[PDB]
$ cat protein_25.txt   # compact mmCIF, N, CA and C atoms
# COMPACT_ATOMS: atom_id res chain seq x y z
N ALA A 9 0.84 -1.24 0.00
CA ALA A 9 0.00 0.00 0.00
C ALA A 9 0.86 1.26 0.00
N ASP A 10 1.52 1.50 -1.13
CA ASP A 10 2.28 2.72 -1.35
C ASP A 10 1.29 3.88 -1.29
N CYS A 11 1.71 5.03 -0.76
CA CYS A 11 0.89 6.25 -0.81
C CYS A 11 -0.46 6.15 -0.08
N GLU A 12 -0.56 5.26 0.91
CA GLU A 12 -1.84 4.91 1.48
C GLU A 12 -2.44 6.05 2.30
N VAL A 13 -1.63 6.74 3.11
CA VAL A 13 -2.18 7.87 3.87
C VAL A 13 -2.71 8.96 2.95
N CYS A 14 -1.89 9.31 1.97
CA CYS A 14 -2.27 10.29 0.94
C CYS A 14 -3.53 9.86 0.19
N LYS A 15 -3.58 8.60 -0.26
CA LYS A 15 -4.74 8.13 -1.05
C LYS A 15 -6.05 8.21 -0.26
N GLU A 16 -5.99 7.77 0.99
CA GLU A 16 -7.23 7.74 1.77
C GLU A 16 -7.72 9.12 2.08
N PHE A 17 -6.78 10.02 2.38
CA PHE A 17 -7.16 11.39 2.69
C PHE A 17 -7.78 12.08 1.49
N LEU A 18 -7.17 11.95 0.31
CA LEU A 18 -7.73 12.56 -0.90
C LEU A 18 -9.08 11.95 -1.26
N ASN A 19 -9.24 10.64 -1.09
CA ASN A 19 -10.56 10.01 -1.32
C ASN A 19 -11.63 10.51 -0.33
N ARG A 20 -11.23 10.70 0.92
CA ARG A 20 -12.11 11.29 1.91
C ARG A 20 -12.52 12.70 1.45
N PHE A 21 -11.55 13.46 0.95
CA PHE A 21 -11.84 14.80 0.47
C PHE A 21 -12.81 14.78 -0.73
N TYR A 22 -12.51 13.94 -1.71
CA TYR A 22 -13.39 13.78 -2.87
C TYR A 22 -14.82 13.48 -2.42
N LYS A 23 -14.96 12.51 -1.52
CA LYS A 23 -16.29 12.09 -1.03
C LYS A 23 -17.01 13.27 -0.37
N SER A 24 -16.28 14.08 0.40
CA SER A 24 -16.89 15.25 1.02
C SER A 24 -17.40 16.24 -0.03
N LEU A 25 -16.65 16.46 -1.11
CA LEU A 25 -17.11 17.38 -2.14
C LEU A 25 -18.38 16.87 -2.80
N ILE A 26 -18.36 15.58 -3.11
CA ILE A 26 -19.51 14.93 -3.73
C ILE A 26 -20.73 14.97 -2.82
N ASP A 27 -20.55 14.59 -1.56
CA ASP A 27 -21.67 14.60 -0.62
C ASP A 27 -22.26 15.99 -0.37
N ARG A 28 -21.42 17.02 -0.46
CA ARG A 28 -21.86 18.40 -0.23
C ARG A 28 -22.30 19.16 -1.48
N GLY A 29 -22.36 18.45 -2.61
CA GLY A 29 -22.75 19.05 -3.89
C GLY A 29 -21.92 20.21 -4.39
N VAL A 30 -20.63 20.20 -4.06
CA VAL A 30 -19.70 21.28 -4.41
C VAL A 30 -19.29 21.16 -5.89
N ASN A 31 -19.18 22.29 -6.59
CA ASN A 31 -18.65 22.34 -7.96
C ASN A 31 -17.17 21.99 -7.99
N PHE A 32 -16.75 21.24 -9.01
CA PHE A 32 -15.34 20.95 -9.21
C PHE A 32 -14.71 21.97 -10.15
N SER A 33 -14.77 23.24 -9.76
CA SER A 33 -13.96 24.26 -10.42
C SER A 33 -12.67 24.46 -9.64
N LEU A 34 -11.62 24.93 -10.34
CA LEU A 34 -10.29 25.08 -9.74
C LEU A 34 -10.26 25.88 -8.44
N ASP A 35 -10.79 27.12 -8.48
CA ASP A 35 -10.79 28.01 -7.32
C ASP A 35 -11.54 27.39 -6.14
N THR A 36 -12.66 26.74 -6.45
CA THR A 36 -13.47 26.09 -5.43
C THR A 36 -12.72 24.92 -4.80
N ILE A 37 -12.15 24.06 -5.64
CA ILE A 37 -11.36 22.91 -5.16
C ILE A 37 -10.23 23.37 -4.26
N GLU A 38 -9.50 24.39 -4.71
CA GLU A 38 -8.43 24.99 -3.93
C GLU A 38 -8.87 25.47 -2.55
N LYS A 39 -9.91 26.30 -2.49
CA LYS A 39 -10.41 26.75 -1.18
C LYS A 39 -10.92 25.60 -0.32
N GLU A 40 -11.63 24.67 -0.94
CA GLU A 40 -12.17 23.54 -0.20
C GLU A 40 -11.07 22.65 0.38
N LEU A 41 -9.99 22.47 -0.38
CA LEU A 41 -8.87 21.66 0.10
C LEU A 41 -8.10 22.34 1.24
N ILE A 42 -7.82 23.63 1.07
CA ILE A 42 -7.24 24.41 2.17
C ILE A 42 -8.15 24.31 3.41
N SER A 43 -9.46 24.43 3.20
CA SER A 43 -10.39 24.32 4.31
C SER A 43 -10.39 22.94 4.99
N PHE A 44 -10.40 21.89 4.17
CA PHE A 44 -10.36 20.52 4.63
C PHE A 44 -9.08 20.25 5.42
N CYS A 45 -8.00 20.94 5.03
CA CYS A 45 -6.73 20.81 5.73
C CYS A 45 -6.57 21.63 7.04
N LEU A 46 -7.50 22.55 7.31
CA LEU A 46 -7.39 23.45 8.48
C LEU A 46 -7.18 22.79 9.84
N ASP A 47 -8.03 21.87 10.22
CA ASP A 47 -7.90 21.37 11.59
C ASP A 47 -6.94 20.19 11.76
N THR A 48 -6.12 19.91 10.74
CA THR A 48 -5.31 18.70 10.74
C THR A 48 -4.12 18.79 11.67
N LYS A 49 -3.75 17.63 12.20
CA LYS A 49 -2.68 17.49 13.15
C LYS A 49 -1.79 16.37 12.67
N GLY A 50 -0.58 16.34 13.22
CA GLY A 50 0.33 15.22 13.01
C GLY A 50 0.54 14.88 11.55
N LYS A 51 0.38 13.60 11.22
CA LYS A 51 0.69 13.09 9.89
C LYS A 51 -0.18 13.68 8.80
N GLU A 52 -1.45 13.92 9.12
CA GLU A 52 -2.37 14.57 8.16
C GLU A 52 -2.00 16.03 7.88
N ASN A 53 -1.45 16.70 8.90
CA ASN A 53 -0.98 18.07 8.72
C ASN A 53 0.27 18.10 7.85
N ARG A 54 1.15 17.13 8.06
CA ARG A 54 2.31 16.96 7.19
C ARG A 54 1.90 16.68 5.74
N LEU A 55 0.89 15.81 5.55
CA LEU A 55 0.32 15.53 4.22
C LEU A 55 -0.23 16.80 3.59
N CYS A 56 -0.96 17.60 4.38
CA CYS A 56 -1.54 18.84 3.89
C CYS A 56 -0.47 19.81 3.38
N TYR A 57 0.65 19.87 4.09
CA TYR A 57 1.80 20.65 3.61
C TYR A 57 2.32 20.10 2.28
N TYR A 58 2.49 18.78 2.20
CA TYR A 58 2.93 18.16 0.95
C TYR A 58 1.95 18.32 -0.21
N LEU A 59 0.69 18.61 0.11
CA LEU A 59 -0.34 18.89 -0.90
C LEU A 59 -0.40 20.36 -1.30
N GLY A 60 0.39 21.23 -0.65
CA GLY A 60 0.35 22.65 -0.97
C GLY A 60 -0.74 23.41 -0.24
N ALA A 61 -1.30 22.79 0.80
CA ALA A 61 -2.55 23.29 1.43
C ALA A 61 -2.48 23.84 2.85
N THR A 62 -1.28 24.17 3.31
CA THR A 62 -1.10 24.85 4.59
C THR A 62 -0.47 26.22 4.29
N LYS A 63 -0.50 27.13 5.26
CA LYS A 63 0.00 28.49 5.04
C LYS A 63 1.46 28.50 4.57
N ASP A 64 2.26 27.58 5.12
CA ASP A 64 3.70 27.56 4.82
C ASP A 64 4.07 26.68 3.62
N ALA A 65 3.07 26.27 2.84
CA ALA A 65 3.27 25.30 1.78
C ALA A 65 3.36 26.03 0.44
N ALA A 66 3.74 25.30 -0.60
CA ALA A 66 3.93 25.87 -1.93
C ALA A 66 2.62 25.89 -2.72
N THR A 67 2.11 27.06 -3.07
CA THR A 67 0.97 27.12 -4.01
C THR A 67 1.25 26.48 -5.40
N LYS A 68 2.51 26.39 -5.81
CA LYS A 68 2.86 25.67 -7.02
C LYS A 68 2.40 24.22 -6.88
N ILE A 69 2.68 23.60 -5.74
CA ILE A 69 2.23 22.22 -5.47
C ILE A 69 0.70 22.14 -5.35
N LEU A 70 0.09 23.15 -4.75
CA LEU A 70 -1.38 23.16 -4.66
C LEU A 70 -2.01 23.11 -6.03
N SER A 71 -1.41 23.80 -6.99
CA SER A 71 -1.93 23.78 -8.36
C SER A 71 -1.81 22.39 -8.99
N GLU A 72 -0.72 21.71 -8.66
CA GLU A 72 -0.44 20.37 -9.17
C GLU A 72 -1.35 19.32 -8.57
N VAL A 73 -1.95 19.63 -7.43
CA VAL A 73 -2.96 18.77 -6.84
C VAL A 73 -4.36 19.11 -7.36
N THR A 74 -4.70 20.39 -7.39
CA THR A 74 -6.09 20.77 -7.68
C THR A 74 -6.46 20.68 -9.15
N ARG A 75 -5.51 20.91 -10.04
CA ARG A 75 -5.80 20.69 -11.46
C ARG A 75 -6.19 19.23 -11.80
N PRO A 76 -5.43 18.22 -11.32
CA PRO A 76 -5.92 16.83 -11.54
C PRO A 76 -7.24 16.56 -10.86
N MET A 77 -7.50 17.23 -9.72
CA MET A 77 -8.80 17.03 -9.05
C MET A 77 -9.96 17.54 -9.90
N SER A 78 -9.72 18.58 -10.69
CA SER A 78 -10.78 19.13 -11.56
C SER A 78 -11.26 18.14 -12.63
N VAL A 79 -10.45 17.12 -12.91
CA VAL A 79 -10.87 16.07 -13.84
C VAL A 79 -11.03 14.75 -13.11
N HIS A 80 -11.16 14.81 -11.79
CA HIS A 80 -11.42 13.64 -10.95
C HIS A 80 -10.33 12.59 -11.06
N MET A 81 -9.07 13.02 -11.21
CA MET A 81 -7.99 12.03 -11.25
C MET A 81 -8.00 11.15 -10.00
N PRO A 82 -7.85 9.83 -10.18
CA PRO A 82 -7.86 8.93 -9.02
C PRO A 82 -6.84 9.38 -7.97
N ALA A 83 -7.19 9.31 -6.69
CA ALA A 83 -6.29 9.79 -5.62
C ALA A 83 -4.90 9.15 -5.69
N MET A 84 -4.83 7.85 -5.98
CA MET A 84 -3.53 7.19 -6.01
C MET A 84 -2.62 7.86 -7.05
N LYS A 85 -3.22 8.24 -8.18
CA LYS A 85 -2.47 8.85 -9.26
C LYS A 85 -1.94 10.26 -8.92
N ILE A 86 -2.75 11.02 -8.19
CA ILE A 86 -2.30 12.32 -7.69
C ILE A 86 -1.11 12.13 -6.72
N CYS A 87 -1.26 11.21 -5.78
CA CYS A 87 -0.19 10.90 -4.84
C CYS A 87 1.12 10.42 -5.51
N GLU A 88 0.98 9.53 -6.50
CA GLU A 88 2.12 9.04 -7.26
C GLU A 88 2.84 10.16 -8.01
N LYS A 89 2.05 11.12 -8.52
CA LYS A 89 2.60 12.33 -9.17
C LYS A 89 3.45 13.10 -8.15
N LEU A 90 2.94 13.27 -6.93
CA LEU A 90 3.65 14.07 -5.93
C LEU A 90 4.86 13.35 -5.36
N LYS A 91 4.82 12.03 -5.38
CA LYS A 91 5.93 11.23 -4.90
C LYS A 91 7.23 11.59 -5.65
N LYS A 92 7.10 11.97 -6.92
CA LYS A 92 8.28 12.31 -7.72
C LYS A 92 8.97 13.58 -7.21
N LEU A 93 8.21 14.44 -6.53
CA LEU A 93 8.77 15.64 -5.92
C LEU A 93 9.50 15.31 -4.63
N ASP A 94 8.74 15.04 -3.57
CA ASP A 94 9.31 14.61 -2.31
C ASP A 94 8.65 13.28 -1.94
N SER A 95 9.42 12.19 -1.95
CA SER A 95 8.84 10.86 -1.79
C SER A 95 8.24 10.61 -0.40
N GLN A 96 8.61 11.44 0.57
CA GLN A 96 8.12 11.24 1.93
C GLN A 96 6.57 11.28 1.99
N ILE A 97 5.93 11.96 1.03
CA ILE A 97 4.44 12.02 1.01
C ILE A 97 3.82 10.62 0.99
N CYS A 98 4.47 9.68 0.29
CA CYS A 98 3.91 8.35 0.12
C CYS A 98 4.41 7.36 1.17
N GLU A 99 5.28 7.85 2.06
CA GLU A 99 5.89 7.05 3.14
C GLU A 99 5.23 7.24 4.50
N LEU A 100 4.31 8.21 4.59
CA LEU A 100 3.71 8.53 5.86
C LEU A 100 3.00 7.34 6.50
N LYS A 101 3.13 7.21 7.81
CA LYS A 101 2.32 6.25 8.61
C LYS A 101 1.85 6.94 9.88
N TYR A 102 0.62 6.64 10.30
CA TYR A 102 0.12 7.16 11.56
C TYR A 102 0.89 6.49 12.72
N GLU A 103 0.95 7.17 13.86
CA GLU A 103 1.55 6.61 15.08
C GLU A 103 1.02 5.20 15.37
N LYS A 104 1.95 4.27 15.62
CA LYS A 104 1.61 2.88 15.96
C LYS A 104 0.93 2.76 17.33
N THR A 105 1.37 3.59 18.28
CA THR A 105 0.76 3.73 19.62
C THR A 105 0.27 2.44 20.31
$ encode --input "protein_25.txt" --output "C-alpha cells"
Amino acid sequence: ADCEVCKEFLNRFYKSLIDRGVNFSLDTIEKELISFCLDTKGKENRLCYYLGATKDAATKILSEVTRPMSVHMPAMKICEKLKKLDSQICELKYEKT
C-alpha cells in the first residue's frame, strides 16, 4: 500500500465534495482543500503541507494537486505524481501507539 495515507485522505476529500454538492472548479477545489486541511494534526498536517494546502506550503504544489482534481484524477495517481517531488508524502504512517 504505497501512498496509502495520501490516497485515503484525498478520497475522503473527494467524497466530502460529492456529498456536499460542491462544484469541481479550480478556485473552489483549492479553497475547499485548504479548508479541509485546516484542523489537521500530526501526519495529516504533514500531508496537507505536501499537498500545498497549509500556510507555509507551496501554491505551485497546490496547483499540481487541484488541477488533476478538476478532472477527478484517481487519488492514487495524484499521490504518485507528488511522490516524484518529495517521496516522503507516500511514506507517511500514523503513530503505531
$ closest_residue --input "protein_25.txt" --among "A:75, A:54, A:85, A:80" --to "residue 35 in chain A" --atoms "only C-alpha atoms"
A:75
$ atom_distance --input "protein_25.txt" --atom1 "atom C of residue 71 in chain A" --atom2 "CA of residue 101 in chain A"
24.2 Å
$ closest_residue --input "protein_25.txt" --among "A:17, A:78, A:93, A:56" --to "residue 32 in chain A" --atoms "only C-alpha atoms"
A:78
$ atom_distance --input "protein_25.txt" --atom1 "atom N of residue 59 in chain A" --atom2 "atom N of residue 88 in chain A"
11.2 Å
$ closest_residue --input "protein_25.txt" --among "A:64, A:58, A:76, A:36" --to "residue 92 in chain A" --atoms "only C-alpha atoms"
A:58
$ residues_around --input "protein_25.txt" --residues "residue 19 in chain A" --least-positions-apart "6" --cutoff "8 Å" --atoms "all atoms listed in the file" --output "compact mmCIF listing (two decimals) with N, CA and C atoms, keeping the file's coordinate frame"
# COMPACT_ATOMS: atom_id res chain seq x y z
N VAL A 13 -1.63 6.74 3.11
CA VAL A 13 -2.18 7.87 3.87
C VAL A 13 -2.71 8.96 2.95
N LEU A 25 -16.65 16.46 -1.11
CA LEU A 25 -17.11 17.38 -2.14
C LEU A 25 -18.38 16.87 -2.80
N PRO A 82 -7.85 9.83 -10.18
CA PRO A 82 -7.86 8.93 -9.02
C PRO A 82 -6.84 9.38 -7.97
N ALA A 83 -7.19 9.31 -6.69
CA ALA A 83 -6.29 9.79 -5.62
C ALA A 83 -4.90 9.15 -5.69
N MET A 84 -4.83 7.85 -5.98
CA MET A 84 -3.53 7.19 -6.01
C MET A 84 -2.62 7.86 -7.05
$ residues_around --input "protein_25.txt" --residues "residue 62 in chain A" --least-positions-apart "5" --cutoff "7 Å" --atoms "only N, CA and C atoms" --output "compact mmCIF listing (two decimals) with N, CA and C atoms, in the coordinates of the input"
# COMPACT_ATOMS: atom_id res chain seq x y z
N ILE A 42 -7.82 23.63 1.07
CA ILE A 42 -7.24 24.41 2.17
C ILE A 42 -8.15 24.31 3.41
N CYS A 45 -8.00 20.94 5.03
CA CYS A 45 -6.73 20.81 5.73
C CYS A 45 -6.57 21.63 7.04
N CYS A 56 -0.96 17.60 4.38
CA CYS A 56 -1.54 18.84 3.89
C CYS A 56 -0.47 19.81 3.38
N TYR A 57 0.65 19.87 4.09
CA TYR A 57 1.80 20.65 3.61
C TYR A 57 2.32 20.10 2.28
$ atom_distance --input "protein_25.txt" --atom1 "atom N of residue 9 in chain A" --atom2 "atom C of residue 87 in chain A"
12.9 Å
$ closest_residue --input "protein_25.txt" --among "A:30, A:65, A:79, A:97" --to "residue 15 in chain A" --atoms "all atoms listed in the file"
A:97
$ closest_residue --input "protein_25.txt" --among "A:50, A:44, A:69, A:96" --to "residue 23 in chain A" --atoms "only C-alpha atoms"
A:44
$ select_by_dssp --input "protein_25.txt" --residues "chain A" --states "helix (DSSP H, G or I)" --output "ChimeraX atom specification"
/A:12-27,34-45,50-58,67-77,83-91,95-98
$ closest_residue --input "protein_25.txt" --among "A:46, A:67, A:41, A:91" --to "residue 21 in chain A" --atoms "all atoms listed in the file"
A:41
$ axis_aligned_box --input "protein_25.txt" --around "range 36-53 of chain A" --padding-each-side "6 Å" --output "lines of an AutoDock Vina configuration file"
center_x = -6.4
center_y = 19.9
center_z = 3.4
size_x = 26.2
size_y = 25.7
size_z = 31.7
$ decode --input "protein_25.txt" --residues "range 55-72 of chain A" --atoms "N, CA, C and O atoms" --output "PDB file, in the first residue's frame"
ATOM      1  N   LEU A  55       0.893  15.809   5.555  1.00  0.00           N
ATOM      2  CA  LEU A  55       0.323  15.526   4.222  1.00  0.00           C
ATOM      3  C   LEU A  55      -0.229  16.800   3.587  1.00  0.00           C
ATOM      4  O   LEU A  55       0.041  17.059   2.418  1.00  0.00           O
ATOM      5  N   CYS A  56      -0.957  17.599   4.376  1.00  0.00           N
ATOM      6  CA  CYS A  56      -1.544  18.845   3.893  1.00  0.00           C
ATOM      7  C   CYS A  56      -0.471  19.806   3.377  1.00  0.00           C
ATOM      8  O   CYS A  56      -0.636  20.414   2.329  1.00  0.00           O
ATOM      9  N   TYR A  57       0.648  19.871   4.091  1.00  0.00           N
ATOM     10  CA  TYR A  57       1.796  20.655   3.609  1.00  0.00           C
ATOM     11  C   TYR A  57       2.323  20.105   2.278  1.00  0.00           C
ATOM     12  O   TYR A  57       2.571  20.871   1.328  1.00  0.00           O
ATOM     13  N   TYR A  58       2.494  18.783   2.201  1.00  0.00           N
ATOM     14  CA  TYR A  58       2.934  18.161   0.950  1.00  0.00           C
ATOM     15  C   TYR A  58       1.952  18.316  -0.208  1.00  0.00           C
ATOM     16  O   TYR A  58       2.342  18.154  -1.360  1.00  0.00           O
ATOM     17  N   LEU A  59       0.689  18.611   0.109  1.00  0.00           N
ATOM     18  CA  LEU A  59      -0.344  18.887  -0.900  1.00  0.00           C
ATOM     19  C   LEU A  59      -0.399  20.362  -1.302  1.00  0.00           C
ATOM     20  O   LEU A  59      -1.168  20.723  -2.209  1.00  0.00           O
ATOM     21  N   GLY A  60       0.389  21.228  -0.649  1.00  0.00           N
ATOM     22  CA  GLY A  60       0.347  22.652  -0.970  1.00  0.00           C
ATOM     23  C   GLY A  60      -0.739  23.413  -0.238  1.00  0.00           C
ATOM     24  O   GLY A  60      -0.988  24.605  -0.520  1.00  0.00           O
ATOM     25  N   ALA A  61      -1.305  22.790   0.801  1.00  0.00           N
ATOM     26  CA  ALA A  61      -2.551  23.290   1.428  1.00  0.00           C
ATOM     27  C   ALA A  61      -2.482  23.844   2.846  1.00  0.00           C
ATOM     28  O   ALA A  61      -3.517  23.961   3.520  1.00  0.00           O
ATOM     29  N   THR A  62      -1.283  24.171   3.310  1.00  0.00           N
ATOM     30  CA  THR A  62      -1.103  24.855   4.593  1.00  0.00           C
ATOM     31  C   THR A  62      -0.467  26.217   4.290  1.00  0.00           C
ATOM     32  O   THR A  62       0.018  26.438   3.185  1.00  0.00           O
ATOM     33  N   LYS A  63      -0.502  27.127   5.261  1.00  0.00           N
ATOM     34  CA  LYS A  63       0.003  28.488   5.040  1.00  0.00           C
ATOM     35  C   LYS A  63       1.465  28.499   4.574  1.00  0.00           C
ATOM     36  O   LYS A  63       1.858  29.312   3.706  1.00  0.00           O
ATOM     37  N   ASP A  64       2.259  27.577   5.119  1.00  0.00           N
ATOM     38  CA  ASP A  64       3.702  27.557   4.820  1.00  0.00           C
ATOM     39  C   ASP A  64       4.072  26.682   3.621  1.00  0.00           C
ATOM     40  O   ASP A  64       5.248  26.405   3.390  1.00  0.00           O
ATOM     41  N   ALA A  65       3.067  26.271   2.835  1.00  0.00           N
ATOM     42  CA  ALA A  65       3.271  25.299   1.784  1.00  0.00           C
ATOM     43  C   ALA A  65       3.358  26.026   0.442  1.00  0.00           C
ATOM     44  O   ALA A  65       3.093  27.240   0.375  1.00  0.00           O
ATOM     45  N   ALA A  66       3.745  25.304  -0.598  1.00  0.00           N
ATOM     46  CA  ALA A  66       3.931  25.870  -1.932  1.00  0.00           C
ATOM     47  C   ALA A  66       2.625  25.890  -2.719  1.00  0.00           C
ATOM     48  O   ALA A  66       2.114  24.848  -3.042  1.00  0.00           O
ATOM     49  N   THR A  67       2.108  27.061  -3.071  1.00  0.00           N
ATOM     50  CA  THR A  67       0.972  27.115  -4.015  1.00  0.00           C
ATOM     51  C   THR A  67       1.248  26.484  -5.397  1.00  0.00           C
ATOM     52  O   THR A  67       0.320  26.056  -6.090  1.00  0.00           O
ATOM     53  N   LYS A  68       2.514  26.392  -5.807  1.00  0.00           N
ATOM     54  CA  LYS A  68       2.861  25.667  -7.020  1.00  0.00           C
ATOM     55  C   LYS A  68       2.401  24.215  -6.885  1.00  0.00           C
ATOM     56  O   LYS A  68       1.785  23.672  -7.798  1.00  0.00           O
ATOM     57  N   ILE A  69       2.675  23.602  -5.739  1.00  0.00           N
ATOM     58  CA  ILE A  69       2.231  22.217  -5.473  1.00  0.00           C
ATOM     59  C   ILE A  69       0.700  22.138  -5.347  1.00  0.00           C
ATOM     60  O   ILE A  69       0.075  21.189  -5.836  1.00  0.00           O
ATOM     61  N   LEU A  70       0.092  23.147  -4.751  1.00  0.00           N
ATOM     62  CA  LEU A  70      -1.378  23.165  -4.656  1.00  0.00           C
ATOM     63  C   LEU A  70      -2.007  23.110  -6.032  1.00  0.00           C
ATOM     64  O   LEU A  70      -3.002  22.416  -6.244  1.00  0.00           O
ATOM     65  N   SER A  71      -1.412  23.803  -6.994  1.00  0.00           N
ATOM     66  CA  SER A  71      -1.933  23.781  -8.363  1.00  0.00           C
ATOM     67  C   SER A  71      -1.810  22.387  -8.989  1.00  0.00           C
ATOM     68  O   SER A  71      -2.696  21.934  -9.753  1.00  0.00           O
ATOM     69  N   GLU A  72      -0.717  21.709  -8.663  1.00  0.00           N
ATOM     70  CA  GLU A  72      -0.438  20.373  -9.167  1.00  0.00           C
ATOM     71  C   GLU A  72      -1.353  19.321  -8.573  1.00  0.00           C
ATOM     72  O   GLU A  72      -1.499  18.251  -9.131  1.00  0.00           O
TER      73      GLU A  72
END
